[PDB]
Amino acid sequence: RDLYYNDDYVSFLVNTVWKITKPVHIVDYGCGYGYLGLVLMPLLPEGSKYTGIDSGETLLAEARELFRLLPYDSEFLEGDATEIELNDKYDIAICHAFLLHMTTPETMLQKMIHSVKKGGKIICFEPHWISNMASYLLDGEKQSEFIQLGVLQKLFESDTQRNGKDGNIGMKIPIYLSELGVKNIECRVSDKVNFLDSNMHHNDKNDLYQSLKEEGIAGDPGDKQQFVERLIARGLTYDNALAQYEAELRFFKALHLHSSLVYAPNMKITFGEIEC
């Protein structure tokens, strides 16, 4: 949450850009444990309703227990978002890091749109891995030493061509929304930038490091052979998978609590309106 979005910036989107003043009925697809709800409900007009959809039974159990303690009206539906049939029309349909797992993104977006009432809105929070990866700066190390953008670029394109899952879908949402007839389409990059400051000595700096590691940043690549073979099987040559391995190994050994790291997740927020 606090690693991808600034609290003040999300409030900016809600109150200034989207100008939401009246309570809204929102549906969140692939809500997980209700992340997007924990982010937006506090900023939405009092009286707003939050409905999350997810197939993970355990996830919904955590979500329910989590929102049980909150003063927000929230409900969670268990079911396959690609087949679930809703009976109501919502003011806003949203999702966070959901569409990138869909083999047929456009279709799922189509379904989300159909669940929105005329004059309603659709907001998608999706990542753009390639811009995310290019948004790294490690003091004392050349980016190309621990991040092979060229290899990553080919790798993410290959995976998408295979199963269909698009890790860079965040920048394509505007186009999918356009083809689907959505109006007033606009995309925005979360303004969030994380800065692990080597000269900041405070508990907050230590907490940021913990969050970074819990997110898997600069994780151990593991067994070299399994790694190279795993990548080669995804559409990469041997010299590419190797360069990638040595790159990840370098990052694993270079990053530590005392380091200076600047990172902008580059999350993509696309929204548009449903033709009245």
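One-based numbering along the sequence shown.
*Asks:* When the C-alpha temperature factors are averaged for each of 163-171 and 196-204, which stretch ends up with the higher value in the entry?
*Replies:* The entry gives the higher C-alpha B-factor average to 163-171.
*Asks:* Looking only at CA atoms, which has the higher mean B factor in the entry: 250-258 or 9-17?
*Replies:* For C-alpha atoms only, the mean B-factor is higher in 250-258.
*Asks:* Can you pull the Cα B-factors for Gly181, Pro71, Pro127, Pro105 from the entry and say which is highest?
*Replies:* Highest CA B-factor of the listed options: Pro71.
*Asks:* Name the one of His101, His96, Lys117, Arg188 with the greatest CA B-factor according to the PDB entry.
*Replies:* That would be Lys117, according to the entry.
*Asks:* In terms of the CA temperature factor given in the entry, to which third of its chain does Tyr50 belong: lowest, middle or highest?
*Replies:* Middle third - that is where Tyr50 ends up once the chain's C-alpha B-factors are sorted.
*Asks:* Consider only the C-alpha atoms of the modelled residues in this chain, order them by B-factor as the entry records it, and name the third containing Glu214: lowest, middle or highest.
*Replies:* Middle third, going by the recorded CA B-factors of the chain.
*Asks:* How does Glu141 rank on Cα B-factor within its chain, lowest, middle or highest third?
*Replies:* It falls in the top third of the chain.
*Asks:* Splitting the chain's C-alpha B-factors into thirds, which one does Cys31 fall into?
*Replies:* For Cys31, the deposited C-alpha B-factor lands in the lowest third.
*Asks:* Considering every modelled residue of the chain and its Cα B-factor in the PDB entry, is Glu78 in the lowest, middle or highest third?
*Replies:* For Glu78, the deposited C-alpha B-factor lands in the middle third.
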